[PDB]
Amino acid sequence: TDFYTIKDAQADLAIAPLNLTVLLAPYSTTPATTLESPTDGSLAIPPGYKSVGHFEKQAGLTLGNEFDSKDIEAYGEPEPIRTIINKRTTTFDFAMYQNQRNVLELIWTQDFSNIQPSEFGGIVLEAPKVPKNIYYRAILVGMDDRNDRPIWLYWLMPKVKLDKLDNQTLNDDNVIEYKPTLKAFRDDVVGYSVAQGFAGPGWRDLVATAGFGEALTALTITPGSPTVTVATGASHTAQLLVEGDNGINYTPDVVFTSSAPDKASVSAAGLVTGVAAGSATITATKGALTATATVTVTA
Amino acid sequence: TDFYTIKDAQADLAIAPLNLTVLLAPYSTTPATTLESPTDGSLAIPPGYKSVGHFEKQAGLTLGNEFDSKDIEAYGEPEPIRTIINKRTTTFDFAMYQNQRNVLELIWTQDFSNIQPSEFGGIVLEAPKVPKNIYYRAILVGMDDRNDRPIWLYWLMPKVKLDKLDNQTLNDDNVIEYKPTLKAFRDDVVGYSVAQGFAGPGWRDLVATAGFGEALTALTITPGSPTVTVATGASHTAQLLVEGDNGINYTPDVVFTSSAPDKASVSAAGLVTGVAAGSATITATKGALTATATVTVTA
Amino acid sequence: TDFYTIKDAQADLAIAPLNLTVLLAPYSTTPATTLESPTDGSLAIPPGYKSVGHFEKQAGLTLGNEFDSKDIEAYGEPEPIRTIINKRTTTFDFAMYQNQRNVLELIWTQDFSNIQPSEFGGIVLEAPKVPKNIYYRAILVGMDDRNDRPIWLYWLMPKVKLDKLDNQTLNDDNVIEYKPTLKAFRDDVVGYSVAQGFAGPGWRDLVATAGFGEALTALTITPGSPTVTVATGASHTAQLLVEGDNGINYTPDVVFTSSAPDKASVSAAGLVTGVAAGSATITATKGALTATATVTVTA
Amino acid sequence: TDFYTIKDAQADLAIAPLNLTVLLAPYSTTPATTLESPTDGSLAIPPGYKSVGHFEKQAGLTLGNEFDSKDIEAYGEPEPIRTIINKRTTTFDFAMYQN
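Quick look at the structure:
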């Protein structure tokens, strides 16, 4: 065995967040559990999460993790017999550009929902008497677009608080930047402080390679031998679902073909409509893996 | 024999009270004899023991022990011929944060059960003209969570009394702390002043190593070969019970398998349900030890 | 039952005296029974109590409690058979900045009410040839401001006397501080030496959880179904009253709505004003609980 | 009213010390009160002040001001109730050439 086989390097698993956005929601909003829609796996932001818009490219977004642990030392032991990690402090910071309501609320620790614009649109936002402890739910979601198969990777922080505010420098040749450092706290209802997740059509290809689940070996068409009506109606169409050995829906990834197009009409998605009564064979093929089903059309 | 073998140090026997809570009950309550539930060994607190809530981390909780002894000295004997130890005084102190009824009753040596809030919820707690002699029942129970197998170690004090009250300091940036020093007395009906106890799955793992009882050398299935009915009914399900030689129930620790899943269905809890008639072998494996039972299912 | 449920820790019951003030009144003043105004529950200080002003933050205010007890010991009993607690001495000390009349009177144990300033406003305060035994009535009231719902917690001492005076240091970079230690005695008329009390909307929120009285389970509209006249007059307006099962007035906490605004107009205070004749339904909602009343307006 | 009228910027009021000199005098000399001659407003150095001559251009002449103050904090007040500024120390440094 040579060195390269042992190394087993997969350049595809390296994910570059080509686009990124941060969505903040008030603490009353139900925290998000996953960003994948149950319908078709598309990106689905839960209601109440509103983005903070553009932020500075050069600084980007910085995530920091810090451990605070106490080690128990016994006599004669060079290394501790037991170490106690109290917490894992997670923070993240960025540099927003936009002077919208939520950004100013975040930086001023105040609720400006009651602020009403004056007769000419002018507003005045007063800093509170003492800073308030306001908690938000944060979704940091980024898209890596490769071969038109995006990978959406996101950080879910169900409870964050404004921990630090950097210095604000005003220049005549630059826009105003707000640079807060937000600390993520533990949330009891969901049981985690920060969660990292992946989703998207691009990630579905790399699920097996990354080591989550089992490698795809066989393809199976879940609807077996369906009967479709020639006449128009609610039961005139039947939707096919293709699955794998590891339990992942591979329908968007497979290619649908019909042996007899007139008897049954199949699309790329997998819908089956029986134009003419008879027997047809619908085959879903992805790579070298093939699944076949038979459709009977009765008028 | 090298030095390490002689030392025979077990780093798993070091228990750190990662979480700690103090529960106080009125003297009329029946004192707790153990915090282990006889049903399944889980942490069960007798009714009437109400917790005091949060308390200061930095101060922590301090246990103190003192001995009062008199030495009988004889002529020509450099050391005493007999030592009469009159009493072992046990005390403990901590700094509570919460301003609830039991805490204020404890610090004020008064019963506030008759205090009713005013029309708008306000209350006034008048200190008694003379401090009262009030006794409580105390439980100091702490959880050490290691690899999701908690160890609950507790101190039971069937008769405690407020002995001292530290100076209280009001600061504009610090919460109000009540710091009582409670002295444990002897309770005649139960027979002790303080009792230290251990419980939990982690202690069940470490009970044999710690030197209490004998080590676990073999397993035994007490139900042996039971009978189970296919038809639904009260006797349709039979619960197994794995026991150790040292008399400790090791059912949660062992792993249950069934030779023929159709004949007899067994779960992690060990319950046998006869889906189909036939003879099956139930195997409970823990570590390198194995127990076997035969279950026959009759239709 | 897991450990957290047994602990049952309420972080909202921790009260931090964000602001604090000490009010001293001459012994002839009627002692304060409570700081809660019976009219609306707001903070109401009885007349004659004049505040001492600012005092040092770093030193803060220190409250100390001491017990004077004697133990009766019998033959063969390691612990005392009876403890006779003679008294509970309470003291409190702080460091005032302001050179008011009352502060200097307190530190000098003299009555300066007859001191008249000279032609240009100068005064001279001669210490008495022998210190006097002067008693005051003291209120130590602090406010914790959380989400604009203050909690006022106070200590009432109906009879205090200057017990100690710390060393006074003069520095060119420090104001002059008077640091007295006042001991609270027993007032025969009210029957106590120190009384701790709580009030405010925040306490009304937390009074049920703290264990005083019973919890709020249902609401009630005590006025029931009132009548209001369209014509202007004394009886034209009728004030509603929302009450809880535990006997606490929850009118500020509930939200008032009117089914038909024209028939009956109700504000946040709950006052029903009959603009137009007709039947309207007034709904008071608090959390998940709701109370309903019917108001009929006759022209 | 537009922004530039409100700003009211006067470029002439910006003074650049094109030439500089430092004159030291012994403590017995009567201190100067003003450098304007009463006769015609010309620059008039009082007697006893002798210049130190050339000094380094790149280093320039650095003036520094430092306040030392103590703030009195009361209970419940986030901001001090009184600030006692003890002193405003002034220093200046330069790199002389002449021996």
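Residue numbers (the numbering used here), protein chains in the order written: chain A, 1 to 299; chain B, 1001 to 1299; chain C, 2001 to 2299; chain D, 3001 to 3099. In this text, a Cβ means the ideal position worked out from N, Cα and C, and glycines have one as well.
Rounded to whole angstroms, what is the Cα-Cα separation between residue i and residue j?
{"i": "B:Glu1119", "j": "C:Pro2252", "result": "12 Å"}
{"i": "A:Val295", "j": "A:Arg101", "result": "56 Å"}
{"i": "C:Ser2235", "j": "C:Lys2087", "result": "56 Å"}
{"i": "C:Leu2206", "j": "D:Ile3084", "result": "43 Å"}
{"i": "C:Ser2113", "j": "C:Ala2264", "result": "57 Å"}
{"i": "A:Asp40", "j": "B:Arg1149", "result": "40 Å"}
{"i": "A:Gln239", "j": "A:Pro226", "result": "10 Å"}
{"i": "A:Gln10", "j": "A:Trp152", "result": "19 Å"}
{"i": "B:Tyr1154", "j": "B:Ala1195", "result": "8 Å"}
{"i": "residue 1313 of chain B", "j": "B:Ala1016", "result": "Since the first residue of chain B shown is 1001 and the last is 1299, residue 1313 of chain B is not available in this structure."}
{"i": "D:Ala3014", "j": "D:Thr3089", "result": "26 Å"}
{"i": "A:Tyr49", "j": "A:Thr281", "result": "46 Å"}
Select from the options the residue whose C-alpha is nearest the C-alpha of residue i.
{"i": "C:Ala2138", "options": "C:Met2157, C:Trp2108, C:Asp2068 and C:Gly2270", "result": "C:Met2157"}
{"i": "B:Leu1162", "options": "B:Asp1148, B:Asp1188, B:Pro1131 and B:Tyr1192", "result": "B:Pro1131"}
{"i": "A:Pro38", "options": "A:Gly200, A:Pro223 and A:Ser225", "result": "A:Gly200"}
{"i": "B:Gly1247", "options": "B:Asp1111, B:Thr1217 and B:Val1160", "result": "B:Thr1217"}
{"i": "A:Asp93", "options": "A:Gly48, A:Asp262 and A:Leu182", "result": "A:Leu182"}
{"i": "A:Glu243", "options": "A:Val254, A:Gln196 and A:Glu126", "result": "A:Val254"}
{"i": "C:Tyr2250", "options": "C:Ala2215, C:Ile2134, C:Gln2196 and C:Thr2232", "result": "C:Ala2215"}
{"i": "D:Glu3036", "options": "D:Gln3010, D:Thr3030 and D:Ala3044", "result": "D:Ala3044"}
{"i": "A:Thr34", "options": "A:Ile282, A:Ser259, A:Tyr192 and A:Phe198", "result": "A:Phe198"}
{"i": "B:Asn1133", "options": "C:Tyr2049, C:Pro2080, C:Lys2286 and C:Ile2221", "result": "C:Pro2080"}
{"i": "C:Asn2019", "options": "C:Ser2279, C:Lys2007, C:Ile2115 and C:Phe2055", "result": "C:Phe2055"}
{"i": "D:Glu3073", "options": "C:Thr2273, C:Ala2059 and C:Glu2073", "result": "C:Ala2059"}
{"i": "A:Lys159", "options": "A:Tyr192, A:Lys7 and A:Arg204", "result": "A:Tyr192"}
{"i": "A:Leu271", "options": "A:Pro261, A:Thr281, A:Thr237 and A:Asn171", "result": "A:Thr237"}
{"i": "C:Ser2028", "options": "C:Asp2187, C:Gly2064, C:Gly2076 and C:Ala2284", "result": "C:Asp2187"}
{"i": "B:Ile1221", "options": "B:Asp1008, B:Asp1262, B:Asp1145 and B:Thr1292", "result": "B:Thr1292"}
{"i": "D:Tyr3075", "options": "B:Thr1091, B:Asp1262, B:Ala1268 and B:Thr1169", "result": "B:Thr1169"}
Tell me residue i's beta-bridge partners as DSSP assigns them.
{"i": "C:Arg2082", "result": "C:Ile2072"}
{"i": "D:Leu3023", "result": "D:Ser3051"}
{"i": "B:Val1160", "result": "B:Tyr1136 and B:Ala1184"}
{"i": "B:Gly1142", "result": "B:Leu1020 and B:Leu1153"}
{"i": "C:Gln2196", "result": "B:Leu1125 and C:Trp2155"}
{"i": "residue 2307 of chain C", "result": "A query on residue 2307 of chain C cannot be resolved here, the shown segment of chain C reaching from 2001 to 2299 and no further."}
{"i": "A:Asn249", "result": "A:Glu243"}
{"i": "C:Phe2256", "result": "C:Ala2284"}
Less than 6 Å between C-beta atoms, sequence neighbours within five positions excluded: which residues of the same chain meet that for residue i?
{"i": "C:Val2022", "result": "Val2052 and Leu2140"}
{"i": "A:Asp166", "result": "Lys179"}
Give every residue of the same chain whose Cβ lies closer than 7 Å to the Cβ of residue i, excluding the five residues on either side of it in the sequence, and list them in chain order.
{"i": "B:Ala1277", "result": "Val1230, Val1297, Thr1298 and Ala1299"}
{"i": "B:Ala1288", "result": "none"}
{"i": "B:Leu1104", "result": "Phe1112 and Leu1125"}
{"i": "A:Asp71", "result": "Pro80 and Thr83"}
{"i": "B:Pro1047", "result": "none"}
{"i": "A:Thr62", "result": "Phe92 and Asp93"}
Here's the rule I'm using: 16 or more other beta-carbon atoms within 10 Å means buried, otherwise exposed. How should residue i be labelled?
{"i": "D:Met3096", "result": "exposed"}
{"i": "C:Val2189", "result": "exposed"}
{"i": "B:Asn1099", "result": "buried"}
{"i": "D:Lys3057", "result": "exposed"}
{"i": "B:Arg1082", "result": "exposed"}
{"i": "A:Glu66", "result": "exposed"}
{"i": "A:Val175", "result": "exposed"}
{"i": "A:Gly142", "result": "buried"}
{"i": "A:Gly224", "result": "exposed"}
{"i": "A:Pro31", "result": "buried"}
{"i": "B:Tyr1136", "result": "buried"}
{"i": "B:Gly1121", "result": "buried"}
{"i": "D:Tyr3004", "result": "exposed"}
{"i": "A:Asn171", "result": "exposed"}
I'd like the list of long-range same chain contacts for residue i, defined as Cβ closer than 8 Å, with 5 residues on each side in sequence excluded.
{"i": "B:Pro1117", "result": "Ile1123"}
{"i": "C:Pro2128", "result": "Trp2108, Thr2109 and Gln2110"}
What residues in the region 2057-2071 of chain C have a beta carbon less than 7 Å from any beta carbon of chain E?
-> In the displayed structure, chain E is absent; the protein chains listed are A, B, C and D.
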